[PDB]
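Reviewing the structure listed below.
When the chains are written out, they are named A, B, C, D and E in that same order, and each has its own residue count from 1.
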């Protein structure tokens, strides 16, 4: 019965650790998608600021 | 002179002394009476058993909770439970201690009026006071700003606080809690063969719920997974042998908190009522409310409830604000801990309802100033 | 016997999943500081673009 | 092609053809096996007798019901009973008829899964379907709204329906029925000297129950009246002579339906569970539920049960509602009648579980869609 | 050809024919959908019920208003309600009638744009037009000068008019109306023990509000009187029996119109917003505005609201000018009555938005000229 209760606490730790693992994996994938979005947005901002710089240096 | 904290609750009495770190007495809020005949002359048959003595003689008794949905519906049994709490569990004299009782928000006035009348008359407390469980939970969490989600045995309620100010128009009270999950589990277990109909069997099912149930992060594919393999099945042993095994019931029981339609209620899940209570507050404080969700009570103790709550509120709220679910590891006693902290404050010693004030104003003094 | 082997399997799952949580949370926070600096870069880009709009509306 | 209706029940098989007005075959759901020696060489000993052949030879047989509390607990005996029903009673070929079986609510899933697997494999029915007894009883009553109290041999249940919508959270299932009353009467007759212990004697006591028992309108003064005079005593003649006479047992036996503590159960009487199932429904439909209590099943056939039911519910409900207990004179076959009506509807011919759907989906198809 | 008037509002649809004296059809603006299972095969289950048919199947449906605060937020349900209004209630063809729709002031442009697009496309009306509720209420009152306070189910607004000229800078729109009073009453009834949480129960509480509530002339001593005696208590009977009695709630509910802080709003009472909208007008016309306060809409139907309004505005205004609250006995239909009058005018027949004008200028024609 001691072995039983140790195995029980073991499987408890296993379940909770796997739950937080899956949560953190989804978090990491979402963070990577966020990085992609930020690369896209900085790209667009660079383009627009550069167009305005062109016009300003022109005038 | 020290004071007493007596967080009543609909499932568990937690009492103790103002200033400690944990309640001194924690026992079921239950009163049992014998059903059967009684033959052995001289056994000293008691009329009724209270507390956890009624939990060990459980097999021959019919148990009754004197609190249904945060409302005391049997005042004689509640008086029995209070008498027990004072004399046999704490072993004090109620005439030498102010008492800090606790109540849920948005429940009838007669509850507090009768509560204070009972105290002052049939216990002769020097003073008393009736707090709100959410405020005390915030005290125990060590904050002054946040939206708490207290979910005990009878009632689930949100209370948003900001800088120590309550938003009483945004308090949302819901009426499914531990007991409705216990009943839903008693019903779902029949579709696998097991039949629990007695009150004692309801206690057995409550223990099954406290041991084997958890909240699925994603209900649908969790359901499909439990259907595919059989790795989610655990076994439980009733107190006569008779091992039982449950599968998807483990997470189908607490899922009712997020889809209250499973028990035929029209309300929304706890995540949606939390979001609504937030969106009912002024636009400036809700960014700070989003990051101070304070979970409290026993029904918030399922494994994976904080993760599911955060996922749901994140999917609901704007995609910029930071959702933080604060679930302490001892969140089951936050109301009592906060009550002790409050009753221990120096600046609080003027808020008690002294016996003289009651003698002058009747039982209506309670909601009048306090 | 079954308890010994189940507890050993639970222990090795504990260890692997613990290291995985370690590495996952580290890579997560690092990608999140990357996200942070990208957001600040978005800010700088938008500000300089506003400046160029100012110069264009002036001249 | 016509379809079969096979209301199984735990005490009586009622089978027939969809479209008739009454079941074509009604026989006990029982299987008998010889217990004694067997000496006459060449008598042609059968291994087991089913139906009412086992009822006439019951002196030498040991009788067994393969259904205990609505649940089939002996699948070989149930297969024997179905084989009998199809080939010897109805005299058809099951390969040429869709079959409409019936089941009580809130009983294990494996029951329906095994039902449909048995049908499709060892009988090769073209299609089948498993209905709920209370819905069919409401069909037969000619209504679409009402709370129906079905009480057969194994299980008593309420199902509230409104406008054709079931309220599955208010379904209440109770597990005392005709058989527990038969056992209680067997136990109560010993205090007059009569001793029935055999299974055949259990059948004798069931007949005594069906002939001499009634529900007392007021239990206490009826008890005092039976104690005062002797005008309530009837006499019954066992099938060997030996006239027996019973007194207050006549109404003490069915009174257990209103005081289930007589057999040591903790539940409430049928009147109180009916009222509770009503009060568990939305406040707008319960005024129409109060006036459409539809009694069904054999155990609701005692003289004076409708009046006692109305008195009790009237005493429980508010003093403005109109309580109406609807008790048809043929209420013992309402489930079968409604099942025939249902299986005859043209719009129903798409709800069958065709053989091909089963071949694609396994036995799990039954509850998963239908 | 005759024209249609379709005053929508957020709580009640009022439709009719231009020229009549009262709306021909008056039904709730509700779309109901079933919650429960549905077991009677062949009952012909509709998908959704609208109007007062959804009000009779109330117990099994979940009701939804498609207009929240004067703004249409569910366009499919609004289209369902309009379809019902045209075909089942009025029984006409929308292709043969100009339609006069109605809207509150200071609400998004997309509202009118989508309204006219829906009309012209999915109903093919020959012409249409969108009026302002306050102007039509003035038409019905038979005046050309006055400040009209319209208070329906979603929005309260003041519009000051002089000699037929509007003062758009002095229009003040408030966002508490009948629905917020219904919610506040649902909340206040909990402190007596009564619990209404469902949408059907919200309709019950709305009926209680319409039958028992009134405005106190002086809130404070009325409160003291209600606390002293018990002569203010009436009794209402829910539709299952269950008599309930309410005391000071009767006037605590509509008092929120004069102290919107009871529901946690920062605005001022209707008397003070009326006085502010008056003082925002030119100093010459306000002497005539003070004497032409025209009440309109359902929420202005409480007993004693005119006297309280007059007392408050008199206390605010200078002590010489003559305050005069005009509250017709049929003020609940003033918007529709004025709409019929307006659509009947011969000189108005040039203001319609013909279908060809829309076919040229897109949906944006509505606020360009009309």
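Just so it is clear, a residue touches a chain if its C-beta (ideal position, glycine included) is under 8 Å from a C-beta of that chain, and two chains touch if they have at least 3 such contacts.
Which chain is which protein? Per UniProt: B, D, E = Actin, alpha cardiac muscle 1.
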Chains touching both chain B and chain C, listed by label: A
From the options B-D or D-E, the pair that copies B-E, where over half of the contact pairs coincide: B-D
Which of B-D and A-B has more C-beta contact pairs: B-D
Centre-most chain, if every chain is reduced to its averaged C-alpha atoms: B
Chain A and chain E: spacing of chain centres that average the CA atoms, whole Å: 49
Geometric centre distance via CA averages, chain B-chain A, whole Å: 37
Whole-Å gap separating chain B and chain D, where each centre is the average of the chain's CA atoms: 42
Length of the line joining the C-alpha centres of chain C and chain E, rounded to whole Å: 52
Residues of chain D touching at least two other chains: 167-168
Contacts with 2+ other chains: residues of chain A: 20
Touching pairs - complete list by chain label: A-B, A-C, B-D, B-E, D-E
Chain B-touching residues of chain E, taken from the complex the two chains share: 35-36, 62, 187, 190-193, 195, 197-199, 263-264
Contact set on chain B toward chain E in their complex: 71, 106-110, 167-170, 173, 175, 261, 264, 266-267
Chain A - residues contacting chain B, complex: 15-16, 19-20, 22-23
Residue numbers on chain E that touch chain D, as the complex places them: 34, 36-43, 45, 57-60, 198, 200-201, 204, 237-243
Touching residues on chain D, where the partner in the complex is chain E: 132, 135, 138-139, 144, 161-168, 281-287, 290, 317-321, 342, 345, 347-348, 351
